[PDB]
């Protein structure tokens, strides 16, 4: 219950899970607190300690604006930090099965949230069920989000960009140096993540500094080639300057700007992040990954296109209704509290909200491609169309394109389409299988017969958990014991994918083929 790590001993705590025991180490530091002269810098190496570090509580979450759009509503508030905000947030968590394993595969979770929010302490990222049920080790880290994590003056070590990515990288390396002491196999490390975390995972596939830090990869609802995932070096600079002016820190010595931004206080930086883009959307990523020339040596689309990435197996997937969650955060006529039937002209107005800098002709080409109703009468037609637009453009099509390009270089890839709507889903039914609501199934929360999930959800979560684990341990996401549908590899020819739900597990082909041809080939031209 005490473990010696390369920088000191840490005390853990024991959890009882399903008539058994998991050992939890919550809040292990892994970097020097990035405070004072360290803010905006790459994380620094943690200096040794002689005590027992008490790893018994989740540590501070990184500073972030929180979602206040639905005060008191669990659908939104379940994603807000459940631990004090602080700049002193570079901690990680380890769940180890009991008894202590001897060469366990390690699952490293990277949370998502548009690169501006999120924290490893969330209830639906609790790693104890995976450790209990499949006897893997689960690791998760906090990493700096927003401008504190991704503010970029490229080339300038005072604000080089991609600090949050380097936080993640530092944690991956902590797993390399220390997880063997916990009973884990550092040669069997699977990164998994969702949304911006999935996109983070995919950039770890392109980053040479990360190639030796993990074995395999799982990408849930995200990848770097998503339109939100990489800030241009153009946007990045115009955005730090806009931050600087809104903080009265505009100097000409760009390091003087950073030193000036360093003595502003977190909430003053946080309050101004929102306005560095002239027009934002519910998908805005004001401060995200950039081609820093360090973590990321070239535009990632080129590296993807030209085969420059770690060669290994990947597991990629998306949910049936990725886009709906964003509609009630700005789109006219939408509300979580009715069925949000919108008209044609509301739909068009919605496009102007989601595609502000897109020409009139671009916005018409979207309307044209999505408004060809099989049934002209359905009053939901435009409501569903807008969600499909938002989901295909932002998630499903970039994910498919990522998997095609990655598998063309010879590696086994598996693709899933999650289409089960949680029976506990607090959001209205019309929003469907929403962005982020497969995470609870992946982490095995429906395995706890106490918390209001159906039988069928237990069965499906149990199968997903087995498949994620077999992918991590063995590179192959099969459930071999219970006469399950075999999960085929995804090849750029047949493009077979696996659907996940309670009813039927079907092999299908060429997900959203007609919609993605518009987004991936035509639309980038406009």
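Numbering follows the first chain given and starts at 1.
Checked against the record, the higher mean CA B factor of 410-418 and 443-451 lies with 443-451. Just going by the entry, 196-204 versus 273-281 on mean CA temperature factor gives the higher value to 273-281. By the numbers in the PDB entry, the CA B factor is greatest at 360 among 167, 392, 321, 360.
Out of 240, 120, 210, 162, the entry records its largest CA B-factor for 240. Ranked within its chain, residue 30 lands in the middle third, by CA B factor from the PDB record.
For residue 135, the recorded CA temperature factor ranks within the middle third of the chain's modelled residues. Residue 476: CA B factor in the lowest third of modelled residues in this chain (values from the PDB entry).
Sort the chain's modelled residues by C-alpha temperature factor and residue 388 lands in the lowest third, per the entry. For residue 517, the recorded CA temperature factor ranks within the middle third of the chain's modelled residues.
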